[PDB]
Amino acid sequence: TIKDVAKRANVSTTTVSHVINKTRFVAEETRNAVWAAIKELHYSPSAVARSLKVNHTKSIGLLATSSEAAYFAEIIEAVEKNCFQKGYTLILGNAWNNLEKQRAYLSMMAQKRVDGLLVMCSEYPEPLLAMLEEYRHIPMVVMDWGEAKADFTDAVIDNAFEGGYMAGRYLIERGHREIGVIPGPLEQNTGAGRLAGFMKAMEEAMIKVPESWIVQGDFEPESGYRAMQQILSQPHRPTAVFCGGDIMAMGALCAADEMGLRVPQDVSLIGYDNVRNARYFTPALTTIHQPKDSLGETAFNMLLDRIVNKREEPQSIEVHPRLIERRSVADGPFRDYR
């Protein structure tokens, strides 16, 4: 079809190409006509064709887990923002922690010849790690590991452990000593990681958390509801609770209200993520904030580096969580005794 344009303009396609890509000098005169034709012909340069010669599609694939969950959602939108301004095209794929689904999208991606790969799989078993490696050839970065699980990728690490530790400390310094927790899937970094961080703070305080006070969640509002319930649904209950994620917390808030418990007057709740609208939780959620934007930006960045500056050596960049004081927590019984 460029052939069709070169003709209208009565010049070589090479020429057409050159003016389209400003890749060498062209007569104004000449230039014009081409555009002229480019317009009537209503021309649209085929990227697939181009991508065929130039050897880069100028698009990146997001091998995600899910994309609705507030958390995930924020990141994605971030990453995308980046792709847009640097000319990249985002190909979004949720794998739902389904291996087949993952091997699937992966290969679809390779075939669509993605310039690079962003990875947010939540859980990383050997079987997944393995598949992953078969694609080392294609530049990639995993945005959700605690440490550097592999040598073939760039990694961005959130410090979820120091975040767990922060959340715990706060409780302590507020007077709390009877504290429960609803962690997220221990196979995930944001799960095991955050929890552990929180658990260290307790040991430092010689605070023991009775097993009946820790209930697993999965990050979905419902998981929180159940746990919160289960916790306050017992003879003896904590005076403060640490919730591994904002949404689940939102779930733990609802349930307390429903058991007619008061927050924070009856129970104190600290969450984790600081999702765009935790502020509008009732009451306004006190939580640890994860820098989701920077997280995305930093991932798309390391990736571009590898891409353009053809880097070979794996990289890894830390990012830092931080406490956000809201209205869901209140001084515990030992505040004044410290």
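Start at 1 and count along the sequence shown; that's the residue number.
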Select between 116-124 and 144-152 the stretch whose C-alpha atoms have the higher average B-factor in the entry.
144-152
Should the higher mean CA B-factor in the entry be assigned to 230-238 or to 191-199?
230-238
Based on the PDB entry, the highest CA temperature factor among the options 91, 252, 130, 181 is that of 130
Selection from 319, 9, 329, 324 [criterion: highest C-alpha temperature factor in the record]
9
Residue 305 by Cα B-factor - lowest, middle or highest third of the modelled chain
highest
Third of the chain's Cα B-factor distribution that residue 98 belongs to, per the entry:
highest
Record-listed C-alpha B factor of residue 244: chain third
lowest
Mind checking which third residue 269 falls in for C-alpha B-factor across the chain?
middle
Quick check for you: using the entry's CA B-factors within this chain, is residue 70 in the lowest, middle or highest third?
middle
